[PDB]
Amino acid sequence: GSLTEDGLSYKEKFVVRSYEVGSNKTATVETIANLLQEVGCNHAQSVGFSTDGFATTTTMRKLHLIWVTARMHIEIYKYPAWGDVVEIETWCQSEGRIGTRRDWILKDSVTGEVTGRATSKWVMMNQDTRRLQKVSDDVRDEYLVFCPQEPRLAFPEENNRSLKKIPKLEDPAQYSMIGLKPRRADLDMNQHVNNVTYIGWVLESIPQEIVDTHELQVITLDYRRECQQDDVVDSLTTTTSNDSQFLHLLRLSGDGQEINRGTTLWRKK
Amino acid sequence: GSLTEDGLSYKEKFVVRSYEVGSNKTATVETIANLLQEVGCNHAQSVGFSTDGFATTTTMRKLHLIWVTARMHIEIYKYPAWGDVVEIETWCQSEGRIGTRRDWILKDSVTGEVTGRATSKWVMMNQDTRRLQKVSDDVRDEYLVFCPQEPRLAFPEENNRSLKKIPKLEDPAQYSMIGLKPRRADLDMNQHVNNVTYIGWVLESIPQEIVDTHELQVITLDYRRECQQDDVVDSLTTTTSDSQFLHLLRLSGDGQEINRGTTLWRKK
Ligand SMILES: Cc1cc2nc[nH]c2cc1C
Ligand SMILES: Cc1cc2nc[nH]c2cc1C
Ligand SMILES: Cc1cc2nc[nH]c2cc1C
Ligand SMILES: Cc1cc2nc[nH]c2cc1C
């Protein structure tokens with residue numbers, strides 16, 4: 001991988017592995033999500049930020065501040081097949097004092113066609129107290145020189161799926177998968193549950209018939225609270241709808257504390 | 001990746017990814033195991049066998065026969081760090097009618113030093129009845145031209161760790177992790193639980209203090225029965241001692257054994 005000519009974005013190629021594909025012999029959305037975080041990590045390494053998933057500056061480290069994902073939105077047109085080369089371009093943009101946005105474009109290396117796109121909203125949080133705060137000028141200015149000055153959006157559409165408010169699923173859910181627990185492979189280098197694990201937990205409650213007859217086209221996931229290594233999660237899904245649409249909710253098995261909410265859109269195969 | 005000059009082994013390089021490392025900032029043994037199966041799959045693709053994890057011939061496909069892992073033995077001296085390039089060489093060898101063996105050597109691309117090694121025993125099974133049928137001459141002859149004729153072993157030492165019989169853990173276990181279930185990411189393209197998932201389930205019952213103060217050096221795992229998508233597993237561990245542990249994976253309900261293994265850990 002490498003930064004592009006203008007140094008304002010980063011590109012990297014990946015060959016899809018045998019264990020990275022599902023029943024369709026194409027990459028799963030969880031493999032895609034892991035590749036997005038990987039290209040994001042290499043972009044931060046290439047410009048001098050931390051490479052632990054938080055992409056911090058020395059000033060942020062002194063204040064015990066980190067970047068945390070608030071929303072992840074992914075839209076896939078064609079999942080790359082086993083052995084195919086996928087090229088991913090990523091860039092960041094400040095959204096004022098609210099937070100920052102990281103965008104991605106996925107392309108088929110051979111045809112040059114756009115096969116997918118993603119966007120993510122990130123907020124600054126103190127690592128210890130878990131309290132959010134609006135981005136300071138001192139921190140904001142350190143990042144501006146690595147972002148495009150003019151707006152560059154993976155999702156430019158006037159009223160697009162990445163900015164819709166997600167409602168809260170009401171009991172009883174139509175479908176559920178109960179008692180989901182992370183194992184050591186779900187933890188990152190910082191011993192926190194990997195963001196991609198929550199995507200897998202959301203999809204655990206989609207019925208098998210949908211997985212067999214449809215392809216996942218869009219997923220939007222909000223991150224409200226973190227699942228600890230010793231927490232147990234319940235995954236809830238209800239149909240909201242040719243195309244099928246679902247409302248999702250992840251909550252702690254015990255008290256019902258919300259950790260995530262999302263929506264998925266599936267198209268008939 | 002590519003077959004070597006003599007066409008009797010396959011080599012491939014990998015750059016260790018950020019999500020592939022643990023708290024030591026080096027590749028986990030599960031990332032290593034996935035890279036071993038990946039290089040194994042590319043070796044079969046390069047010579048015309050199936051690329052679904054079973055490495056079958058057209059004759060085996062007509063008879064509904066597949067290769068299944070009976071034993072996996074891995075020894076790591078240095079886990080590759082995030083961003084490092086690891087090179088893996090793999091080869092196969094027939095062990096008569098019993099089955100076949102796949103071996104691997106892991107090297108640091110920059111120093112050329114051997115950082116790990118692995119060996120695995122595979123048996124032929126009818127995919128429908130689950131009955132082991134032992135290798136026929138017709139099938140054996142199809143594979144021989146892709147293997148070295150002289151013995152080439154990743155573990156040559158006479159009577160080494162890869163060939164020791166593993167005993168059955170007796171209740172009560174010293175440690176346990178109960179109610180482990182596979183999710184869709186643990187399934188392969190054939191909707192079967194990936195062999196690497198069982199390695200993770202075995203390690204789930206190692207106490208946190210051991211993980212914090214020791215490094216995993218050796219793991220030997222026997223595969224007796226597979227966990228179905230709707231099965232629930234219990235992971236049991238007892239100290240047998242460096243630290244050494246005896247392991248057992250069994251179905252949560254009736255206690256049917258699916259795997260047994262041993263691990264050896266060295267102080268950091
Ligand atoms: C878990 C899961 C992952 C996927 N990746 C692409 N389509 C998918 C469908 C499901 C159900
Ligand atoms: C956190 C962050 C990391 C980055 N890496 C490259 N541009 C970036 C911009 C931001 C805001
Ligand atoms: C799960 C696990 C995976 C590892 N990989 C290397 N050391 C390890 C230790 C544990 C506990
Ligand atoms: C199954 C099998 C697959 C192989 N791929 C390359 N050599 C091989 C030898 C065997 C036995």
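The sequence lines fix the lettering, A, B, ..., with proteins before strands; numbering per chain opens at 1. Order of listing sets the numbers, starting from 1, for every ligand and every atom in it. Only this structure's heavy atoms are used, side chains among them; waters, hydrogens and symmetry mates stay out.
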Quick one: which ligand 2 atoms are inside 4.0 Å of a heavy atom on A:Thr100? 11 (C)
Electrostatic pair B:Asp138-B:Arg140, nearest N-O below 4.0 angstrom: no
List, for ligand 1, each N/O atom that has a protein N/O partner under 3.5 Å away, with both atom names and the distance.
residue  : atom  : partner : partner atom : Å
ligand 1 : 5 (N) : A:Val29 : N            : 2.7

Between B:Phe54 and B:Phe49, does the ring centroid distance fall short of 6.0 Å? no
Between A:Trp67 and ligand 2, which part of the residue brings a heavy atom under 4.0 Å of the ligand: side chain, backbone, both or neither? side chain
Is the contact between A:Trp122 and ligand 2 made by the side chain, the backbone, both, or neither, using heavy atoms and a 4.0 Å cut-off? neither
Between A:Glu95 and A:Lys121, does at least one N-O distance fall below 4.0 Å, as a salt bridge requires? yes
With a 4.0 Å cut-off on N to O distance, would you call B:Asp222 and B:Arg71 a salt bridge? yes
Using a 4.0 Å heavy-atom threshold (strictly under), name the region of A:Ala55 that reaches ligand 2: side chain, backbone, both or neither. both
Do side-chain atoms of B:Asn190 reach the backbone of B:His192 as a donor and acceptor pair under 3.5 angstrom? no
For ligand 4, which atoms sit closer than 4.0 Å to a heavy atom of B:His43? 6 (C), 7 (N)
Regarding B:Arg184 and B:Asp186, does a basic nitrogen lie under 4.0 Å from an acidic carboxylate oxygen? no
Mark the output for A:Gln93 as yes if a heavy-atom distance to ligand 2 is under 4.0 Å, and as no if none is. no
So that I can tick it off, tell me whether B:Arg152 and B:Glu89 are bridged by a salt bridge, with the cut-off set at under 4.0 angstrom between side-chain N and carboxylate O. yes
Do the side chains of A:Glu226 and A:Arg130 get close enough for a salt bridge, i.e. N-O under 4.0 angstrom? yes
Salt bridge B:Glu12-A:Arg17, side-chain N to carboxylate O under 4.0 Å: no
Any heavy atom of B:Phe49 under 4.0 Å from ligand 4? The part involved is side chain
